[PDB]
>>> print(open('work_11.txt').read())   # compact mmCIF, C-alpha atoms and all ligand atoms
# COMPACT_ATOMS: atom_id res chain seq x y z
CA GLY C 2 13.36 47.86 66.00
CA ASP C 3 14.40 44.84 68.06
CA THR C 4 10.90 43.95 69.31
CA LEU C 5 7.60 42.71 67.88
CA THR C 6 4.63 43.17 70.22
CA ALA C 7 1.28 41.38 69.90
CA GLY C 8 -0.43 42.10 66.57
CA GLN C 9 2.82 43.17 64.89
CA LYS C 10 4.49 41.32 62.03
CA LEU C 11 7.45 41.21 59.69
CA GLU C 12 6.55 41.43 56.01
CA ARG C 13 8.85 40.45 53.14
CA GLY C 14 11.88 42.75 53.42
CA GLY C 15 11.19 43.68 57.05
CA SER C 16 13.64 42.99 59.87
CA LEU C 17 14.60 43.12 63.51
CA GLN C 18 18.16 43.99 64.57
CA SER C 19 20.40 43.89 67.62
CA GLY C 20 24.04 43.57 68.70
CA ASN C 21 24.89 46.95 67.15
CA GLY C 22 23.60 45.81 63.74
CA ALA C 23 25.61 42.56 63.80
CA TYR C 24 22.46 40.48 64.34
CA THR C 25 19.58 40.67 61.85
CA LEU C 26 16.35 38.67 61.83
CA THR C 27 14.79 39.11 58.37
CA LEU C 28 11.91 37.65 56.33
CA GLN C 29 13.34 36.97 52.87
CA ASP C 30 11.72 36.87 49.42
CA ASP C 31 12.57 33.15 49.12
CA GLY C 32 10.16 32.63 52.06
CA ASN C 33 12.71 31.95 54.78
CA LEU C 34 12.82 33.83 58.08
CA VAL C 35 16.55 33.95 58.81
CA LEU C 36 18.70 35.13 61.69
CA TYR C 37 22.04 36.41 60.36
CA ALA C 38 24.82 36.72 62.93
CA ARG C 39 27.53 38.71 61.16
CA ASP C 40 28.65 36.76 58.04
CA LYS C 41 26.78 33.52 58.79
CA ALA C 42 23.14 32.49 59.03
CA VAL C 43 22.85 30.85 62.47
CA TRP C 44 19.19 29.80 62.26
CA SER C 45 16.10 29.85 60.07
CA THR C 46 12.51 28.60 59.91
CA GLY C 47 13.35 26.45 56.86
CA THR C 48 10.55 28.10 54.89
CA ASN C 49 12.70 28.79 51.81
CA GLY C 50 10.89 27.91 48.56
CA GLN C 51 7.54 28.71 50.22
CA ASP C 52 5.44 31.83 49.62
CA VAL C 53 5.65 33.29 53.14
CA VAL C 54 3.94 36.71 53.30
CA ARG C 55 4.35 37.52 57.01
CA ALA C 56 5.80 36.48 60.36
CA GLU C 57 3.14 37.65 62.82
CA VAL C 58 3.36 37.76 66.60
CA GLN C 59 -0.33 37.01 67.06
CA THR C 60 -2.49 38.35 69.88
CA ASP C 61 -3.36 34.71 70.79
CA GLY C 62 0.27 34.15 71.89
CA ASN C 63 1.49 32.32 68.79
CA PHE C 64 4.32 33.58 66.56
CA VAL C 65 3.41 32.26 63.09
CA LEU C 66 4.66 32.31 59.48
CA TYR C 67 1.87 32.35 56.89
CA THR C 68 1.96 31.64 53.17
CA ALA C 69 -0.08 34.06 51.06
CA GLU C 70 -3.72 33.59 50.10
CA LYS C 71 -3.49 32.43 46.48
CA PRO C 72 -5.93 31.94 43.60
CA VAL C 73 -6.33 28.29 42.55
CA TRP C 74 -9.21 28.53 40.04
CA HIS C 75 -10.86 31.28 37.99
CA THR C 76 -13.12 32.20 35.07
CA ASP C 77 -10.16 34.14 33.58
CA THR C 78 -12.34 37.19 32.91
CA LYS C 79 -10.37 40.07 34.46
CA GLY C 80 -11.21 43.32 32.64
CA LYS C 81 -14.96 42.69 32.39
CA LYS C 82 -17.31 45.28 33.87
CA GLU C 83 -20.25 45.19 36.31
CA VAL C 84 -20.11 41.41 36.62
CA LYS C 85 -22.63 39.18 38.38
CA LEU C 86 -22.63 35.40 38.85
CA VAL C 87 -26.09 33.87 38.33
CA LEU C 88 -27.17 30.29 39.05
CA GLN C 89 -30.07 29.98 36.59
CA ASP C 90 -33.14 27.73 36.34
CA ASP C 91 -31.81 26.15 33.11
CA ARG C 92 -29.00 24.73 35.32
CA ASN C 93 -26.34 26.93 33.67
CA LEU C 94 -24.00 28.95 35.89
CA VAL C 95 -23.34 32.22 34.06
CA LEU C 96 -20.99 35.12 34.71
CA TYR C 97 -22.68 38.16 33.13
CA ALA C 98 -20.90 41.40 32.26
CA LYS C 99 -21.61 44.83 30.74
CA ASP C 100 -21.31 43.47 27.18
CA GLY C 101 -23.00 40.08 27.70
CA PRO C 102 -21.93 36.74 29.22
CA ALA C 103 -18.17 36.64 29.88
CA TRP C 104 -18.06 33.04 31.13
CA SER C 105 -20.50 30.12 30.93
CA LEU C 106 -20.47 26.69 32.57
CA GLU C 107 -22.30 25.04 29.66
CA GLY G 2 -30.34 33.74 46.58
CA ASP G 3 -29.22 32.97 43.03
CA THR G 4 -26.92 35.95 42.42
CA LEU G 5 -23.56 37.34 43.50
CA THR G 6 -22.77 40.85 42.25
CA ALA G 7 -19.41 42.61 41.84
CA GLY G 8 -17.31 42.28 45.00
CA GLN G 9 -19.46 39.55 46.59
CA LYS G 10 -18.32 36.12 47.72
CA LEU G 11 -19.36 32.70 48.91
CA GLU G 12 -17.53 31.87 52.13
CA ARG G 13 -17.01 28.34 53.51
CA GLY G 14 -20.42 26.65 53.70
CA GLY G 15 -21.99 29.47 51.67
CA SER G 16 -24.44 28.59 48.90
CA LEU G 17 -26.16 30.00 45.87
CA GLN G 18 -29.45 28.37 44.91
CA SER G 19 -31.51 28.67 41.73
CA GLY G 20 -34.94 30.33 42.02
CA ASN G 21 -36.73 27.01 41.41
CA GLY G 22 -34.93 25.39 44.39
CA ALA G 23 -33.58 22.59 42.16
CA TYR G 24 -29.92 23.63 41.76
CA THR G 25 -27.49 24.52 44.57
CA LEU G 26 -23.94 25.88 44.14
CA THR G 27 -22.01 25.38 47.40
CA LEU G 28 -18.46 26.22 48.42
CA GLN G 29 -17.88 23.27 50.75
CA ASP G 30 -15.58 22.88 53.77
CA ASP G 31 -13.22 20.61 51.77
CA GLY G 32 -12.50 23.50 49.36
CA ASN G 33 -14.55 22.18 46.44
CA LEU G 34 -17.05 24.49 44.76
CA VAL G 35 -19.83 22.02 43.93
CA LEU G 36 -22.98 22.42 41.83
CA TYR G 37 -25.73 20.04 43.01
CA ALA G 38 -28.89 19.18 41.06
CA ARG G 39 -31.00 17.47 43.69
CA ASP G 40 -28.44 15.37 45.60
CA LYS G 41 -26.35 14.49 42.54
CA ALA G 42 -23.15 16.44 41.86
CA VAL G 43 -23.26 17.60 38.22
CA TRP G 44 -20.17 19.83 38.26
CA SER G 45 -17.37 21.04 40.50
CA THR G 46 -14.11 23.00 40.34
CA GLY G 47 -12.28 19.89 41.59
CA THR G 48 -10.53 21.95 44.27
CA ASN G 49 -11.17 19.41 47.06
CA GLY G 50 -8.14 19.37 49.39
CA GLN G 51 -6.77 22.71 48.11
CA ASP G 52 -7.70 24.82 51.18
CA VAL G 53 -10.13 27.11 49.31
CA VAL G 54 -11.89 29.32 51.89
CA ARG G 55 -13.74 31.80 49.65
CA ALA G 56 -14.99 32.21 46.10
CA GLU G 57 -15.35 35.90 45.27
CA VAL G 58 -16.81 37.60 42.21
CA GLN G 59 -14.29 40.45 42.00
CA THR G 60 -14.78 44.08 40.95
CA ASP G 61 -12.12 43.50 38.24
CA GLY G 62 -14.56 41.06 36.56
CA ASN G 63 -12.80 37.83 37.57
CA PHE G 64 -14.49 35.06 39.58
CA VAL G 65 -11.80 33.42 41.70
CA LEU G 66 -11.42 30.68 44.31
CA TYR G 67 -8.84 31.73 46.92
CA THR G 68 -7.02 29.60 49.48
CA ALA G 69 -6.57 30.45 53.13
CA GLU G 70 -3.30 31.74 54.48
CA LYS G 71 -1.61 28.51 55.57
CA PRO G 72 0.59 28.39 58.67
CA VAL G 73 3.94 26.84 57.66
CA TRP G 74 5.96 27.59 60.81
CA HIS G 75 5.09 28.49 64.38
CA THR G 76 6.39 28.52 67.95
CA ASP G 77 3.35 26.54 69.20
CA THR G 78 2.52 29.03 71.98
CA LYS G 79 -1.19 29.72 71.53
CA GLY G 80 -2.59 30.56 74.99
CA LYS G 81 0.34 32.67 76.19
CA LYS G 82 -0.60 36.26 77.07
CA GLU G 83 1.00 39.67 76.42
CA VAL G 84 3.56 38.10 74.07
CA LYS G 85 6.40 39.96 72.39
CA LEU G 86 9.27 38.69 70.23
CA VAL G 87 12.67 40.17 71.11
CA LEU G 88 15.93 39.87 69.17
CA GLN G 89 18.45 40.52 71.95
CA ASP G 90 22.00 41.91 72.06
CA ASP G 91 23.22 38.50 73.35
CA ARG G 92 22.05 37.04 69.97
CA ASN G 93 19.09 35.15 71.47
CA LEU G 94 15.66 35.30 69.84
CA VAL G 95 13.07 35.07 72.61
CA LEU G 96 9.28 35.13 72.69
CA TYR G 97 8.40 36.72 76.03
CA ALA G 98 5.01 36.15 77.65
CA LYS G 99 3.31 37.54 80.76
CA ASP G 100 4.58 34.67 82.96
CA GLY G 101 8.05 34.62 81.32
CA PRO G 102 9.90 33.23 78.27
CA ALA G 103 7.42 31.14 76.24
CA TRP G 104 10.02 30.28 73.59
CA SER G 105 13.68 30.95 72.86
CA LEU G 106 16.39 30.12 70.34
CA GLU G 107 19.44 29.60 72.59
CA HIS G 108 18.39 26.46 74.49
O1 LIG X 201 -6.01 33.75 39.19
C1 LIG X 201 -6.82 34.87 39.55
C2 LIG X 201 -5.97 36.13 39.59
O2 LIG X 201 -5.86 36.62 38.25
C3 LIG X 201 -5.81 38.06 38.12
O3 LIG X 201 -5.84 38.29 36.67
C4 LIG X 201 -6.56 39.04 39.03
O4 LIG X 201 -7.98 39.06 38.70
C5 LIG X 201 -6.36 38.55 40.46
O5 LIG X 201 -7.22 39.28 41.35
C6 LIG X 201 -6.63 37.05 40.63
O6 LIG X 201 -6.12 36.65 41.92
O1 LIG X 202 20.05 28.66 56.79
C1 LIG X 202 19.40 29.78 56.23
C2 LIG X 202 19.60 29.78 54.72
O2 LIG X 202 18.64 28.90 54.17
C3 LIG X 202 18.73 28.73 52.77
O3 LIG X 202 19.96 28.09 52.45
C4 LIG X 202 18.58 30.08 52.06
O4 LIG X 202 17.24 30.51 52.21
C5 LIG X 202 19.48 31.17 52.62
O5 LIG X 202 19.02 32.43 52.17
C6 LIG X 202 19.43 31.18 54.14
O6 LIG X 202 20.43 32.05 54.60
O1 LIG X 203 -23.49 31.46 27.37
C1 LIG X 203 -24.39 31.93 28.36
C2 LIG X 203 -25.82 31.59 27.95
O2 LIG X 203 -25.92 30.18 27.94
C3 LIG X 203 -27.19 29.64 27.63
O3 LIG X 203 -27.55 29.95 26.29
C4 LIG X 203 -28.22 30.15 28.63
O4 LIG X 203 -27.97 29.53 29.88
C5 LIG X 203 -28.19 31.67 28.79
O5 LIG X 203 -28.98 32.06 29.89
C6 LIG X 203 -26.78 32.22 28.95
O6 LIG X 203 -26.82 33.62 28.75
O1 LIG X 204 -1.00 26.03 63.19
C1 LIG X 204 -0.85 27.36 63.62
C2 LIG X 204 -2.15 27.77 64.30
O2 LIG X 204 -2.01 27.52 65.72
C3 LIG X 204 -3.30 27.73 66.31
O3 LIG X 204 -4.48 26.94 66.06
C4 LIG X 204 -3.76 29.19 66.22
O4 LIG X 204 -2.83 29.99 66.94
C5 LIG X 204 -3.75 29.63 64.76
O5 LIG X 204 -3.94 31.02 64.64
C6 LIG X 204 -2.44 29.25 64.07
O6 LIG X 204 -2.56 29.52 62.69
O1 LIG X 205 15.56 31.27 77.61
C1 LIG X 205 15.46 32.66 77.43
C2 LIG X 205 16.61 33.35 78.15
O2 LIG X 205 17.80 32.75 77.69
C3 LIG X 205 19.03 33.30 78.12
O3 LIG X 205 19.27 32.90 79.46
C4 LIG X 205 19.08 34.83 78.01
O4 LIG X 205 19.36 35.21 76.67
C5 LIG X 205 17.79 35.51 78.46
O5 LIG X 205 17.81 36.88 78.12
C6 LIG X 205 16.59 34.83 77.83
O6 LIG X 205 15.42 35.40 78.36
>>> encode(input="work_11.txt", output="structure tokens", more="lines below")
Ligand SMILES: OC[C@H]1O[C@@H](O)[C@@H](O)[C@@H](O)[C@@H]1O
Ligand SMILES: OC[C@H]1O[C@H](O)[C@@H](O)[C@@H](O)[C@@H]1O
Ligand SMILES: OC[C@H]1O[C@H](O)[C@@H](O)[C@@H](O)[C@@H]1O
Ligand SMILES: OC[C@H]1O[C@H](O)[C@@H](O)[C@@H](O)[C@@H]1O
Ligand SMILES: OC[C@H]1O[C@H](O)[C@@H](O)[C@@H](O)[C@@H]1O
Amino acid sequence: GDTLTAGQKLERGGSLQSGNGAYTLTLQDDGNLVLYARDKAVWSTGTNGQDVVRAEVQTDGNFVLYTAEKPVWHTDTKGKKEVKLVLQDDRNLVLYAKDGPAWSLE
Amino acid sequence: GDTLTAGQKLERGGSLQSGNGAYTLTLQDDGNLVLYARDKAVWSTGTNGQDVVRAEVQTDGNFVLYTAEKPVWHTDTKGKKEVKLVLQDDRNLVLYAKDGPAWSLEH
């Protein structure tokens, strides 16, 4: 609506509106939380070019924009079944899967 | 323990250790997943400074280091109670707290 209570958030595409639809606060896919007043953008968080996933009115009192949790490193073994990571006594760190070792440190 | 099975994770400060007690794989506070043999680092993911907060062995078969959700903008009003954000008909964007306006746009 026009209000975000504690624990509520705007996700990408979500919005608040007021002034008979003339005013729109919206979290964009470029990452920016923007307030559009009619034709013009009157204010933003300046978070364009950043991977902002939500604008949460937190229960601790703080309204906060967060970038998404992202992967930064992987074994690159998506698709493998029943996997387990084992730190072995031969010092090798091995990712095992249904049809044998999918990834190996050594 | 020496094993993480499908869906498990090391969290910050969490460790795997080999059965013999000689090798220790630790997701550290600095984000680096480090393998120690004794007190000498023999391998790491080199993710120090990259905000990694967990390393989960996923059900899809992929072992992945994930970052935390990073705060990139805020109103700086931690401590305020019963807060709500209101986009008003006068065009103002106001964060209202128990004791009054904690933050506003038009000021
Ligand atoms: O980079 C790791 C990413 O790659 C994918 O193929 C999936 O397994 C995701 O869950 C993961 O976040
Ligand atoms: O000032 C707000 C303005 O910032 C950038 O230029 C872009 O993200 C626009 O989408 C947005 O309207
Ligand atoms: O490639 C994985 C393979 O590497 C080595 O040969 C050993 O550490 C084995 O335990 C492991 O299965
Ligand atoms: O830097 C933003 C940060 O401010 C505080 O420490 C808390 O309200 C956190 O939840 C929030 O992420
Ligand atoms: O500073 C916040 C305060 O600013 C203006 O005076 C008005 O828009 C009020 O509705 C709002 O509460």
>>> residues_near_point(input="work_11.txt", point="(-13.2, 25.1, 33.7)", cutoff="8 Å", atoms="all atoms listed in the file", output="list in words")
residues 75, 76 and 106 of chain C; 46 of chain G
>>> atom_distance(input="work_11.txt", atom1="atom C6 of ligand LIG 202 (chain X)", atom2="CA of residue 39 in chain C")
13.1 Å
>>> atom_distance(input="work_11.txt", atom1="CA of residue 71 in chain C", atom2="CA of residue 29 in chain G")
17.6 Å
>>> axis_aligned_box(input="work_11.txt", around="ligand LIG 202 (chain X)", padding_each_side="3 Å", output="lines of an AutoDock Vina configuration file")
center_x = 18.8
center_y = 30.3
center_z = 54.4
size_x = 9.2
size_y = 10.3
size_z = 10.7
>>> closest_atom_pairs(input="work_11.txt", of="chain G", to="ligand LIG 205 (chain X)", cutoff="12 Å", atoms="all atoms listed in the file", output="Markdown table")
| residue | atom | partner | partner_atom | distance |
| --- | --- | --- | --- | --- |
| G:85 | CA | X:LIG205 | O6 | 11.7 |
| G:86 | CA | X:LIG205 | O6 | 10.7 |
| G:87 | CA | X:LIG205 | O6 | 9.1 |
| G:88 | CA | X:LIG205 | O4 | 9.5 |
| G:89 | CA | X:LIG205 | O4 | 7.2 |
| G:90 | CA | X:LIG205 | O4 | 8.6 |
| G:91 | CA | X:LIG205 | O4 | 6.1 |
| G:92 | CA | X:LIG205 | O4 | 7.4 |
| G:93 | CA | X:LIG205 | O4 | 5.2 |
| G:94 | CA | X:LIG205 | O4 | 7.8 |
| G:95 | CA | X:LIG205 | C1 | 5.9 |
| G:96 | CA | X:LIG205 | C1 | 8.2 |
| G:97 | CA | X:LIG205 | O6 | 7.5 |
| G:98 | CA | X:LIG205 | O6 | 10.5 |
| G:100 | CA | X:LIG205 | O6 | 11.8 |
| G:101 | CA | X:LIG205 | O6 | 8.0 |
| G:102 | CA | X:LIG205 | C1 | 5.7 |
| G:103 | CA | X:LIG205 | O1 | 8.3 |
| G:104 | CA | X:LIG205 | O1 | 6.9 |
| G:105 | CA | X:LIG205 | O1 | 5.1 |
| G:106 | CA | X:LIG205 | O1 | 7.4 |
| G:107 | CA | X:LIG205 | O2 | 6.2 |
| G:108 | CA | X:LIG205 | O1 | 6.4 |
>>> write_last_selection(input="work_11.txt", atoms="C-alpha atoms", output="mmCIF file, keeping the file's coordinate frame")
data_model
loop_
_atom_site.group_PDB
_atom_site.id
_atom_site.type_symbol
_atom_site.label_atom_id
_atom_site.label_comp_id
_atom_site.auth_asym_id
_atom_site.auth_seq_id
_atom_site.Cartn_x
_atom_site.Cartn_y
_atom_site.Cartn_z
ATOM 1 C CA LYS G 85 6.400 39.960 72.390
ATOM 2 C CA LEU G 86 9.270 38.690 70.230
ATOM 3 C CA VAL G 87 12.670 40.170 71.110
ATOM 4 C CA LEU G 88 15.930 39.870 69.170
ATOM 5 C CA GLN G 89 18.450 40.520 71.950
ATOM 6 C CA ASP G 90 22.000 41.910 72.060
ATOM 7 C CA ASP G 91 23.220 38.500 73.350
ATOM 8 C CA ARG G 92 22.050 37.040 69.970
ATOM 9 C CA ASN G 93 19.090 35.150 71.470
ATOM 10 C CA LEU G 94 15.660 35.300 69.840
ATOM 11 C CA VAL G 95 13.070 35.070 72.610
ATOM 12 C CA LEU G 96 9.280 35.130 72.690
ATOM 13 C CA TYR G 97 8.400 36.720 76.030
ATOM 14 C CA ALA G 98 5.010 36.150 77.650
ATOM 15 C CA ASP G 100 4.580 34.670 82.960
ATOM 16 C CA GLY G 101 8.050 34.620 81.320
ATOM 17 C CA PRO G 102 9.900 33.230 78.270
ATOM 18 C CA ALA G 103 7.420 31.140 76.240
ATOM 19 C CA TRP G 104 10.020 30.280 73.590
ATOM 20 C CA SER G 105 13.680 30.950 72.860
ATOM 21 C CA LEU G 106 16.390 30.120 70.340
ATOM 22 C CA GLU G 107 19.440 29.600 72.590
ATOM 23 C CA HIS G 108 18.390 26.460 74.490
#
>>> closest_residue(input="work_11.txt", among="C:31, C:52, C:57, C:77", to="chain G", atoms="only C-alpha atoms")
C:77
>>> residues_near_ligand(input="work_11.txt", ligand="ligand LIG 202 (chain X)", cutoff="9 Å", atoms="only C-alpha atoms and all ligand atoms", output="PyMOL selection string")
chain C and resi 29-37+41-50
>>> interface_residues(input="work_11.txt", of="chain C", to="chain G", cutoff="7 Å", atoms="all atoms listed in the file", output="PyMOL selection string")
chain C and resi 3-7+17-20+24+46+58+61-90+92
>>> atom_distance(input="work_11.txt", atom1="atom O2 of ligand LIG 201 (chain X)", atom2="CA of residue 104 in chain C")
14.6 Å
>>> closest_residue(input="work_11.txt", among="C:8, C:107, C:59, C:26", to="ligand LIG 204 (chain X)", atoms="all atoms listed in the file")
C:59
>>> closest_residue(input="work_11.txt", among="C:97, C:28, C:60, C:105", to="ligand LIG 204 (chain X)", atoms="only C-alpha atoms and all ligand atoms")
C:60
>>> closest_atom_pairs(input="work_11.txt", of="chain C", to="ligand LIG 203 (chain X)", cutoff="6 Å", atoms="all atoms listed in the file", output="CSV")
residue,atom,partner,partner_atom,distance
C:93,CA,X:LIG203,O4,4.9
C:95,CA,X:LIG203,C1,5.8
C:102,CA,X:LIG203,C1,5.5
C:105,CA,X:LIG203,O1,4.8
>>> write_last_selection(input="work_11.txt", atoms="C-alpha atoms", output="PDB file, in the coordinates of the input")
ATOM      1  CA  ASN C  93     -26.340  26.930  33.670  1.00  0.00           C
ATOM      2  CA  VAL C  95     -23.340  32.220  34.060  1.00  0.00           C
ATOM      3  CA  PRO C 102     -21.930  36.740  29.220  1.00  0.00           C
ATOM      4  CA  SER C 105     -20.500  30.120  30.930  1.00  0.00           C
TER       5      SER C 105
END
>>> residues_around(input="work_11.txt", residues="residue 45 in chain G", least_positions_apart="3", cutoff="7 Å", atoms="all atoms listed in the file", output="short mmCIF file (atom, residue, chain, number, x, y, z; two decimals) with C-alpha atoms, keeping the file's coordinate frame")
data_model
loop_
_atom_site.label_atom_id
_atom_site.label_comp_id
_atom_site.auth_asym_id
_atom_site.auth_seq_id
_atom_site.Cartn_x
_atom_site.Cartn_y
_atom_site.Cartn_z
CA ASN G 33 -14.55 22.18 46.44
CA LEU G 34 -17.05 24.49 44.76
CA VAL G 35 -19.83 22.02 43.93
CA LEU G 36 -22.98 22.42 41.83
#
>>> closest_residue(input="work_11.txt", among="C:13, C:100, C:23, C:51", to="residue 38 in chain C", atoms="all atoms listed in the file")
C:23
